[PDB]
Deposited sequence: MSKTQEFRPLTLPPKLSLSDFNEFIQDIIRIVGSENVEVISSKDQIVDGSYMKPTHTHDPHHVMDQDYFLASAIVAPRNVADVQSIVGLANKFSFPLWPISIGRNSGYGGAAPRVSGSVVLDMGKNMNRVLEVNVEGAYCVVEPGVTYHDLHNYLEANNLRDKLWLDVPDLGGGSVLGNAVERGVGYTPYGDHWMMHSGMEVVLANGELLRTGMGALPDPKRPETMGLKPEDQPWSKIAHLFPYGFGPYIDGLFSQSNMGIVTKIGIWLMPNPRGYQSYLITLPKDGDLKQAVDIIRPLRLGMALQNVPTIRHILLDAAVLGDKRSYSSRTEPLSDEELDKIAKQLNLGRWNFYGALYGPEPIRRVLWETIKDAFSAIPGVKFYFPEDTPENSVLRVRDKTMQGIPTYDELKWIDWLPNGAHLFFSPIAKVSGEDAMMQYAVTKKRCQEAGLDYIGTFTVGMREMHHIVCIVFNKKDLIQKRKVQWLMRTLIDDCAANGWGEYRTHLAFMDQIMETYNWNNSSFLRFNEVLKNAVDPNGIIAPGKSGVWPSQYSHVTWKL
């Protein structure tokens, strides 16, 4: 196809068609589309940001390309170094709240790694891990398990939805909610195509499997892995693995993730917390439970509006256009038998042990006035505890999608600072956020999710994507909240295309020593900057900062 709306920097129309006619010859026309529509979560777009805060077409691909397999990725990489052509690798492109499939640089080719690169490559019961291609969704992998009666043996650990890419999520360093919720920390042995085109495997993945007749003549891509490949991440040497999470250093083609054995008993729970103010003592209490492992998973602390928004949109509680007052929030709490904060978690293992831990956790929380404890059976059909009772055991679900529709054209954008596991710090941070949402006309919505020693605080910004005045207010909200949080010792863990540069500029200790170091490595491996220029605000040297930053 001949004429995209946007060409990549320094590229000509003739060169673009050669590239595209070229690419078609490899992957066949059915896997190539030139752009000359927001889509849904169940069928994501691949051209731009579906939950746009900037114009609908601010981050826009010149085309999408689905490689059939690894060779194609190498084949594509080579043409991009030929023509000097931004690539933007995705697995599924469900990164809503963070850009979705959109490419940081417009005119980039969107590499839809998920469409054909699809296979649950392994599920090893004794080693209690799996191996996975870009397109294996949580749900997918969930299904794979049931078709082979393995659900009786190995559990998944899932994010708040079913559709993300197991490995896509994992290199974004995302988070689920069983003991295996640190997703990045559960990988071992990844395969990568480099900016140069050469195929790499990490850690023990570098120790090749010994030779035998059955595997002779196999192109690298298709070779099996040695025994320890997905068991021990470290390998030998400089441990480069992290170089591929939240960076633009390779295109990940496969990853191994550790899976949890059926623990032999499971029980989830909802402790409700009556006052807004109860955040402080609640978090304080959490600290030792977490740190001494009364708290087994990533439990979460939910603001009333999140749960509520899962239950019905805003027009369903008040035809107010402005934020909900501190009093209506009490009404809605009491309406749904919920607290002003709500604590969700679970218990793993045999009856005898669950009991002791749950009693400890029951005891500790009883210090908070008005606390109430609920198992899943104690709640209405539609409850969040019921939904989460499946999440904390690795069942994929989609009920939590609705909180997006809090507003007539709901789109979410995540502002994601980290917080000490201390009440004082949590209150200070929340206060900063709440003040600011308020100035912007927005309901404050958020979870804190509980790290061992930190807390991911996900301010869930929902806005109406057809409202210009609001979008702008969202853009003023985010930018403001970044600076505020930095002026108080708080960086964010993960962001959106439009915020990557500012956020990085927040991590500027010693005159931006971290970024500089990062640029050096980036130019070294990517001589012609063709891989995802601009991710995490890391720019190859041919991308002028003045021209390309926000």
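Residues of the deposited sequence lacking C-alpha coordinates fall in the stretches 1 to 5, 42 to 46, numbered from 1.
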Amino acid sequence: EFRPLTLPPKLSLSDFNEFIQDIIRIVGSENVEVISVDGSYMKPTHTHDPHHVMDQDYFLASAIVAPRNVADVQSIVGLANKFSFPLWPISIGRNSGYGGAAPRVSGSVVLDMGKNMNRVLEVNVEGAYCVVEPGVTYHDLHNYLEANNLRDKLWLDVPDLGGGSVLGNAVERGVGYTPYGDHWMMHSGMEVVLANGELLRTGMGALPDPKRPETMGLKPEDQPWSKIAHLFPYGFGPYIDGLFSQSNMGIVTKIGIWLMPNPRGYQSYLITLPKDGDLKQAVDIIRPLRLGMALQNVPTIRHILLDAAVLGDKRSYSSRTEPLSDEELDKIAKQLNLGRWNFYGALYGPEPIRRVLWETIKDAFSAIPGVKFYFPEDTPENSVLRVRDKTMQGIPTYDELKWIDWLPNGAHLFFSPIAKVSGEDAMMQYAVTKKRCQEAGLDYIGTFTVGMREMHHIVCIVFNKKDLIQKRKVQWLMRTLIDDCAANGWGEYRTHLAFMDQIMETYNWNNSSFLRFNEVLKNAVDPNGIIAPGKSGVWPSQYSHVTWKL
From here on, numbers count along this sequence of modelled residues.
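The mean C-alpha temperature factor is higher for 144 to 152 when 68 to 76 and 144 to 152 are set side by side.
When 316 to 324 is weighed against 444 to 452, 316 to 324 comes out higher, by mean CA B-factor as recorded in the entry. The top Cα temperature factor in the record, among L207, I461, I257, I469, falls on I469. The residue among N248, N118, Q475, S165 whose C-alpha atom has the highest B-factor in the PDB entry is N118.
Looking at the C-alpha B-factors along this chain, the one for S29 belongs to the highest third. In the deposited entry, the Cα temperature factor of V520 sits in the bottom third of values across the chain's modelled residues. Per the deposited record, the Cα B-factor of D278 falls in the middle third when ranked against the other modelled residues of its chain. When the modelled residues of the chain are ordered by C-alpha B-factor, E505 sits in the middle third. Ranked by C-alpha B-factor against the other modelled residues of its chain, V175 falls in the lowest third.
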